[PDB]
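Report on the following structure.
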Amino acid sequence: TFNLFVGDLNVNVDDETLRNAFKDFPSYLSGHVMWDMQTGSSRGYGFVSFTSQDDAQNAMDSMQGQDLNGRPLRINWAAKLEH
């Protein structure tokens, strides 16, 4: 699969909100907002999965810096979180 890291999420963005923003893009599979399992609070980022690399690439480019709940989406290829 081909996976996007979606950053700069408003802490009020839940799974439903994130999924609704990406649901209709070609090859979309799923979306999840990350939250701190010791507090329950959103980490302000999430992931969106696709069957196709080209389709994940286009969804990223289409949504890059677009506003969701007042905050610009900061999108990149999913990768190990640093530091």
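Going by the structure tokens order, chains are called A, B, ..., each with residues numbered from 1, while ligands are numbered from 1 in the order shown.
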- Message: Please extract the residues of segment 8-76 of chain A with a backbone DSSP assignment of alpha helix (DSSP H) and present them as a list in words.
- Response: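 DSSP on the backbone gives alpha helix (DSSP H) at residues 15, 16, 17, 18, 19, 20, 21, 22, 53, 54, 55, 56, 57, 58, 59, 60, 61, 62 and 63 of chain A.
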- Task: For residue 41 of chain A, work out the shell of residues within 12 Å, counting only C-alpha atoms and skipping chain neighbours fewer than 6 positions away, then give it as a list in words.
- Result: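 Listed by chain and then number, they are residues 10, 11, 12, 13, 14, 33, 34 and 35 of chain A.
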Dump of C-alpha atoms for the selected residues, as a PDB file, in the first residue's frame:
ATOM      1  CA  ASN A  10      -6.667  20.722  14.345  1.00  0.00           C
ATOM      2  CA  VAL A  11      -6.983  18.698  17.575  1.00  0.00           C
ATOM      3  CA  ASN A  12     -10.760  18.682  16.922  1.00  0.00           C
ATOM      4  CA  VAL A  13     -10.244  16.557  13.797  1.00  0.00           C
ATOM      5  CA  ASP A  14     -11.394  13.004  14.506  1.00  0.00           C
ATOM      6  CA  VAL A  33      -5.974  10.269  13.356  1.00  0.00           C
ATOM      7  CA  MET A  34      -3.114   9.557  15.776  1.00  0.00           C
ATOM      8  CA  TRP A  35      -3.735  10.083  19.461  1.00  0.00           C
TER       9      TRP A  35
END
Proximity check segment 41-72 of chain A to segment 16-32 of chain A, 8 Å, nearest pairs one decimal Å, only C-alpha atoms, as JSON lines:
{"residue": "A:46", "atom": "CA", "partner": "A:32", "partner_atom": "CA", "distance": 5.4}
{"residue": "A:47", "atom": "CA", "partner": "A:32", "partner_atom": "CA", "distance": 5.3}
{"residue": "A:48", "atom": "CA", "partner": "A:31", "partner_atom": "CA", "distance": 4.3}
{"residue": "A:49", "atom": "CA", "partner": "A:30", "partner_atom": "CA", "distance": 5.3}
{"residue": "A:50", "atom": "CA", "partner": "A:28", "partner_atom": "CA", "distance": 4.5}
{"residue": "A:51", "atom": "CA", "partner": "A:27", "partner_atom": "CA", "distance": 5.2}
{"residue": "A:52", "atom": "CA", "partner": "A:27", "partner_atom": "CA", "distance": 6.0}
{"residue": "A:55", "atom": "CA", "partner": "A:26", "partner_atom": "CA", "distance": 6.0}
{"residue": "A:56", "atom": "CA", "partner": "A:27", "partner_atom": "CA", "distance": 7.6}
{"residue": "A:59", "atom": "CA", "partner": "A:25", "partner_atom": "CA", "distance": 6.4}
{"residue": "A:68", "atom": "CA", "partner": "A:21", "partner_atom": "CA", "distance": 7.9}
Just-selected residues, N, CA and C atoms written as a PDB file, in the first residue's frame:
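And here is the file that came out, out11.pdb:
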ATOM      1  N   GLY A  46      -2.185  12.417  11.268  1.00  0.00           N
ATOM      2  CA  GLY A  46      -2.870  11.182  10.939  1.00  0.00           C
ATOM      3  C   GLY A  46      -2.279  10.559   9.689  1.00  0.00           C
ATOM      4  N   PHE A  47      -2.868   9.454   9.262  1.00  0.00           N
ATOM      5  CA  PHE A  47      -2.446   8.747   8.057  1.00  0.00           C
ATOM      6  C   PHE A  47      -3.625   8.471   7.137  1.00  0.00           C
ATOM      7  N   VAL A  48      -3.353   8.478   5.827  1.00  0.00           N
ATOM      8  CA  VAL A  48      -4.318   8.083   4.787  1.00  0.00           C
ATOM      9  C   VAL A  48      -3.650   7.073   3.831  1.00  0.00           C
ATOM     10  N   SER A  49      -4.326   5.946   3.587  1.00  0.00           N
ATOM     11  CA  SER A  49      -3.775   4.826   2.818  1.00  0.00           C
ATOM     12  C   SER A  49      -4.422   4.701   1.439  1.00  0.00           C
ATOM     13  N   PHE A  50      -3.631   4.253   0.460  1.00  0.00           N
ATOM     14  CA  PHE A  50      -4.084   4.067  -0.931  1.00  0.00           C
ATOM     15  C   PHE A  50      -3.553   2.760  -1.530  1.00  0.00           C
ATOM     16  N   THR A  51      -4.259   2.221  -2.529  1.00  0.00           N
ATOM     17  CA  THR A  51      -3.771   1.012  -3.227  1.00  0.00           C
ATOM     18  C   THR A  51      -2.660   1.331  -4.232  1.00  0.00           C
ATOM     19  N   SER A  52      -2.639   2.582  -4.692  1.00  0.00           N
ATOM     20  CA  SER A  52      -1.829   3.003  -5.831  1.00  0.00           C
ATOM     21  C   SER A  52      -0.918   4.180  -5.479  1.00  0.00           C
ATOM     22  N   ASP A  55      -1.891   7.469  -7.364  1.00  0.00           N
ATOM     23  CA  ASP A  55      -3.106   8.007  -6.753  1.00  0.00           C
ATOM     24  C   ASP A  55      -2.854   8.635  -5.371  1.00  0.00           C
ATOM     25  N   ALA A  56      -1.997   8.011  -4.564  1.00  0.00           N
ATOM     26  CA  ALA A  56      -1.580   8.626  -3.306  1.00  0.00           C
ATOM     27  C   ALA A  56      -0.839   9.949  -3.574  1.00  0.00           C
ATOM     28  N   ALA A  59      -3.379  12.642  -4.601  1.00  0.00           N
ATOM     29  CA  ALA A  59      -4.209  13.086  -3.482  1.00  0.00           C
ATOM     30  C   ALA A  59      -3.406  14.029  -2.596  1.00  0.00           C
ATOM     31  N   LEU A  68      -8.292  22.354   6.479  1.00  0.00           N
ATOM     32  CA  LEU A  68      -9.265  21.484   7.115  1.00  0.00           C
ATOM     33  C   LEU A  68      -9.465  22.014   8.524  1.00  0.00           C
TER      34      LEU A  68
END
- Message: What's around residue 81 of chain A at 12 Å? Count only C-alpha atoms, leave out sequence neighbours fewer than 3 positions away in its own chain, and write the answer as a list in words.
- Response: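 My list of contacting residues is residues 5, 7, 45, 76, 77 and 78 of chain A.
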- Message: Using DSSP assignments from the backbone, pull out every residue in segment 2-78 of chain A that falls under strand (DSSP E) and give it to me as a PyMOL selection string.
- Response: chain A and resi 2-7+28-35+42-50+67-68+71-72+74-77
Write out the residues from the selection above, keeping C-alpha atoms, as a compact mmCIF listing (two decimals), in the first residue's frame.
# COMPACT_ATOMS: atom_id res chain seq x y z
CA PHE A 2 0.93 3.67 -0.36
CA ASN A 3 0.54 5.88 2.65
CA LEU A 4 0.35 9.59 3.35
CA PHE A 5 1.32 11.30 6.59
CA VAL A 6 -1.14 14.15 7.15
CA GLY A 7 0.11 16.80 9.58
CA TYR A 28 -8.39 5.47 -1.10
CA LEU A 29 -8.46 2.68 1.48
CA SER A 30 -8.54 4.17 4.98
CA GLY A 31 -7.66 7.06 7.31
CA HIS A 32 -6.65 7.39 11.00
CA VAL A 33 -5.97 10.27 13.36
CA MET A 34 -3.11 9.56 15.78
CA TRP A 35 -3.74 10.08 19.46
CA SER A 42 -4.96 13.92 19.32
CA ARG A 43 -1.35 14.19 18.24
CA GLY A 44 -2.44 16.60 15.46
CA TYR A 45 -1.52 14.24 12.66
CA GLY A 46 -2.87 11.18 10.94
CA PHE A 47 -2.45 8.75 8.06
CA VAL A 48 -4.32 8.08 4.79
CA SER A 49 -3.78 4.83 2.82
CA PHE A 50 -4.08 4.07 -0.93
CA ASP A 67 -7.50 23.99 4.90
CA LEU A 68 -9.27 21.48 7.12
CA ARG A 71 -5.58 24.54 9.49
CA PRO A 72 -3.49 23.91 6.37
CA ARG A 74 0.85 19.38 5.77
CA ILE A 75 1.24 16.22 3.77
CA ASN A 76 4.15 13.90 3.00
CA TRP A 77 4.93 10.26 2.31
- Would you work out the distance separating atom CA of residue 1 of chain A from atom CA of residue 53 of chain A, expressed in Å to one decimal? 7.7 Å
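Compared by their closest atoms to residue 69 of chain A, and using only C-alpha atoms, the residues A:82, A:36, A:57, A:8 rank with A:8 nearest.
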- Message: For a test of reading the model, state the distance in Å between atom CA of residue 73 of chain A and atom CA of residue 38 of chain A, rounded to one decimal.
- Response: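 Pair atom CA of residue 73 of chain A / atom CA of residue 38 of chain A returns 25.3 Å.
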